[PDB]
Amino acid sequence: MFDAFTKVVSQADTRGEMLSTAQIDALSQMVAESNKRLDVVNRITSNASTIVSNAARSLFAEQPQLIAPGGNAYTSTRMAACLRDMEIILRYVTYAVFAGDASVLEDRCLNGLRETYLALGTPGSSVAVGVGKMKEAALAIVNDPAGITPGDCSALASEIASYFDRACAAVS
């Protein structure tokens, strides 16, 4: 995986060049905002359970065929794996938000997943909906103005949504 730094480093390395002052300044700007970047990891992490369970509960409400007998999320063995997948996606998203790069989310979680759900008989299009709900909840939990210094996080909150959107696009 890469992070915000090593990504640029590798990009520069395969050109055999040092980082320009512009790239460094960019990374510095990124550094100057990194408190808010860990507040979000903290906040999303601290609500992982309810995020997953609320998103899942809503998903099943809107799509009762998933939990109906014969449904892919019926039986407590598959429901657990379903909640598990949700939690995993969320986790890797938080990894992406933490690292400041999507590589960890792509390399490990998302790549090959559409095909996996295809093989299993899992509706990825439902997973994506789950991910969407998780996203909406996560961003709101993130944007909470209580118990934190006020400021702008419009940039970070867009990146996070970028990651969630990547996750969603990967299984649709």
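Position 1 is the first residue in the sequence shown; the rest follow in order.
Comparing 103-111 with 32-40, the stretch with the higher mean C-alpha B-factor in the PDB entry is 103-111. Take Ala26, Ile141, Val129, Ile51 and read off each C-alpha B-factor from the entry; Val129 has the highest. Out of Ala22, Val9, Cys153, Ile148, the entry records its largest CA B-factor for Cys153. Annotation for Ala157: C-alpha temperature factor in the lowest third relative to the rest of the modelled chain, per the entry. Ranked against the other modelled residues of its chain, the C-alpha B-factor of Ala55 as given in the entry falls in the lowest third. Sorting the modelled residues of the chain by their CA temperature factor places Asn72 in the highest third. The entry lists a Cα temperature factor for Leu118 that places it in the highest third of the chain's modelled residues.
In the deposited entry, the Cα temperature factor of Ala170 sits in the middle third of values across the chain's modelled residues.
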